[PDB]
């Protein structure tokens, strides 16, 4: 019989153009059949009624019942491409940063301010005009303030008096905008946050997309905080610039992929002061315009499936060479 690769995610993702481009290529593997789990099934059917698969590609996004996916994987014991239990931790910036540190991955110097919403003034924060002290640790402006929820994209940057003060408020893109300037100079009064050193880049973010630990595609885009105007192309896509990862960065990608156990894993690098710092690890993420990425990604995923499952299915398999980017 065919090796079944099941795809289990919210329809917003499963039916996205990048996903459909990748799945059509995976389907070209002679011995692989792709089955995309319907959103109505994921949300409303007990996991005992979900389709069978031999290999499961499943990932959390807003509204996804991760508990069910974990229960399904437990029930059916498929080969799992992106580890499901780690996807709970990926939702928490504190957990993400803890893992990066444990792996010796460079990241911004940071401190966690946990607030008890019941008693919010009891927290370990002292604020001055050009700095904060979080658990006694001093962050001079510019510094960055991130909601502990990785799914909350309201990231604020605070400017020093020397640069005019105020703050830049970043958010999930709305049309042509990715951030706005605010005259507000004081930090947020409610919520729990990570405070971190601002890393000066050349005005671009590097977005990295792994497919297993030995492949990573990178591309750059204008830092959302710079002025907040999104650079769009004639097709309405964000303008993305060429990047080739150096040896250090290729190692970072290998570590991130393995440490988070996410074969397909997006993360962000800040190229600053002659090094590269990880500031965000997103897990399963979508490259949006590269035909070669779709080719490479589908081929690597198919080969991973074949290498793991062909012997069990009595299918001959010789593992081929794969590009590193």
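We call the rigid core whatever largest set of C-alpha positions still superposes within 1.5 Å between the two forms. Numbering follows the first chain given and starts at 1.
Core-aligned, RMS over all structures and residues: is 24-32 or 282-290 the stretch with the greater C-alpha displacement in 9 other deposited structures of this protein? After the core superposition, the stretch with higher RMS deviation in 9 other deposited structures of this protein is 282-290.
How do 112-120 and 202-210 compare in 9 other deposited structures of this protein: which one has C-alphas farther from this form after the rigid core is matched? Taking the RMS over all superposed structures in 9 other deposited structures of this protein, 112-120 lies farther out.
Decide which of the stretches 202-210 and 130-138 has the higher mean C-alpha B-factor, going by the entry. According to the entry, 130-138 carries the higher average C-alpha B-factor.
If you average the Cα B factors in the entry, which is higher, 172-180 or 90-98? Per the PDB entry, the higher value belongs to 172-180.
Going by the CA temperature factor in the entry, name the top one among 235, 152, 83, 145. Out of 235, 152, 83, 145, the record gives the largest C-alpha B-factor to 235.
Selection from 231, 249, 219, 196 [criterion: highest C-alpha temperature factor in the record]: Reading the PDB entry, the winner on C-alpha B-factor is 231.
Lowest, middle or highest third: where is residue 28 by C-alpha B factor in its chain? It falls in the top third of the chain.
Where does the C-alpha B-factor of residue 14 rank in its chain, lowest, middle or highest third? Its C-alpha B-factor, which the entry lists for residue 14, ranks in the middle third among residues of this chain.
Looking at the C-alpha B-factor of residue 271, is it in the lowest, middle or highest third of its chain? Lowest third - that is where residue 271 ends up once the chain's C-alpha B-factors are sorted.
Residue 304's Cα B-factor: lowest, middle or highest third of the chain? Residue 304: CA B-factor falls in the middle third of its chain.
Is residue 109 in the lowest, middle or highest third of its chain when residues are ranked by C-alpha B-factor? Its C-alpha B-factor belongs to the middle third of this chain's values.
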